[PDB]
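# Commentary on secondary and tertiary structure
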Amino acid sequence: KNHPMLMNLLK
Amino acid sequence: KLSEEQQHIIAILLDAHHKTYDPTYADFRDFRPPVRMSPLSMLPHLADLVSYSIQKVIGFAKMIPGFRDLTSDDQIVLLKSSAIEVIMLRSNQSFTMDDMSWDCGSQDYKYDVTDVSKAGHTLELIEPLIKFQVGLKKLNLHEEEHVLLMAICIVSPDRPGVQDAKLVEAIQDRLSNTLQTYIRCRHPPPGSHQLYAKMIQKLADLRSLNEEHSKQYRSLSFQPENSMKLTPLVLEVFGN
Ligand SMILES: CCC(O)(CC)CS[C@@H](C)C1=CC[C@H]2/C(=C/C=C3C[C@@H](O)C(=CCO)[C@H](O)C3)CCC[C@]12C
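Residues numbered from 1 in each chain as written, not as in the entry; some residues may be left out. Chains lettered and ligands numbered in written order. Heavy atoms only, no water.

Chain B appears in the PDB entry as Vitamin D3 receptor from Rattus norvegicus. The Sequence similarities comment attached to chain B in UniProt states, word for word, "Belongs to the nuclear hormone receptor family. NR1 subfamily." (UniProt positions renumbered as here; feature names shortened; annotations may be inferred.)

Listed below in structure tokens is the structure:
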């Protein structure tokens, strides 16, 4: 939640 | 005693590590230049180091057998809480006891106590962090045990906010058993003595270090002037 970049790096 | 699956898990984690840790430290030239004179003069440089390091830990985490089977939300929680711990662990590879500093290729990229001080941290963290590095180094882990410890650290069921802790616990256990069995077969005595128990204890030290780091991070991140010097990723993962 609220984690755009960490979500993107996890593919 | 090492099954085929466990020899596979170790092959995966070794490769995953080698693809996410460059021992030539070539990328360090991309980070903001380190300043040694000057309050928080090392903050911009080490902030970038950590931000870079968070990316690499994520790359390693994705390749941990079973990690993918988890929900994205549990993936997020595990990384967000383990990130600083895994960076402290993986940093042991550049840490030399010859002078108690992280030696990353050159003098400019060699970091010691005073450098961390000029990053905004007190001795209340720095001393036990070095103590940790020294105690971990003296274990002389096989690189196989090194990568297993980081994976086991990342997949901890007890992290606050985890949902399917059962699945997380089943991923970690399969990793624990792989480590325990590896120590028996591949790590000869006496260096294998209590080796697993001592490694798990390091996960305990990391919990304490994490707890202390967060405390000091919030104090530093409280002043927007310091928060500016960080990166968007570091802010997203370490909290806003
Ligand atoms: C700047 C403030 C902040 O709290 C948060 C952004 C970090 S300071 C302190 C807590 C800390 C932890 C890891 C330590 C260190 C890590 C060293 C690494 C070098 C290398 O081994 C490495 C990767 C090679 O690419 C690791 O990922 C990180 C040594 C210096 C000090 C470092 C950064």
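Picking up after the structure, the text goes on.
By convention here, two paired aromatic rings are described through the distance between centres and the angle between planes. Residues and elements named next belong to chain B. Overall, the coordinates contain eight aromatic pairs over all chains when judged by the stated rule. Taking the centre distance of 5.5 Å and the plane angle of 75° together, the rings of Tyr217 and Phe238 count as edge-to-face. Of this pair, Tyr217 sits in helix 8 (residues 195–222) while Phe238 sits in helix 10 (residues 232–238), and the two are 21 residues apart along the sequence. Chaining the aromatic ring pairs together yields one cluster made of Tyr21, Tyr25, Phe28, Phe31, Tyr52 and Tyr109. (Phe/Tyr/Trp six-rings, centres within 6.5 Å; stacked < 30°, edge-to-face > 60°. Helix = DSSP H or I, 4+ residues; strand = E, 2+ residues; numbered from the N terminus.)

This paragraph deals with the packing of helix 7 (residues 165–186) of chain B against helix 8 of chain B. All names here are of chain B. As a packed pair, helix 7 and helix 8 sit with axes 9 Å apart at the nearest point and diverge in direction by 140°. Comparing the axis directions of helix 7 and helix 8 gives the class oblique. Packed against helix 7, whose contacting residues are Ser176, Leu179, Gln180 and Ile183, the element helix 8 presents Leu195, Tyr196 and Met199 at the interface. Each residue belonging to the contact of helix 7 with helix 8 can be placed in one class, and the counts come to five nonpolar, two polar and no charged. (Axes fitted to C-alpha atoms, helices over the stretch in contact; angles between N-to-C directions. Parallel < 35°, antiparallel > 145°, perpendicular 65-115°, else oblique. Contact = heavy atoms within 4.5 Å. Nonpolar A, V, L, I, M, F, W, Y, C, P; charged D, E, K, R; others polar.)

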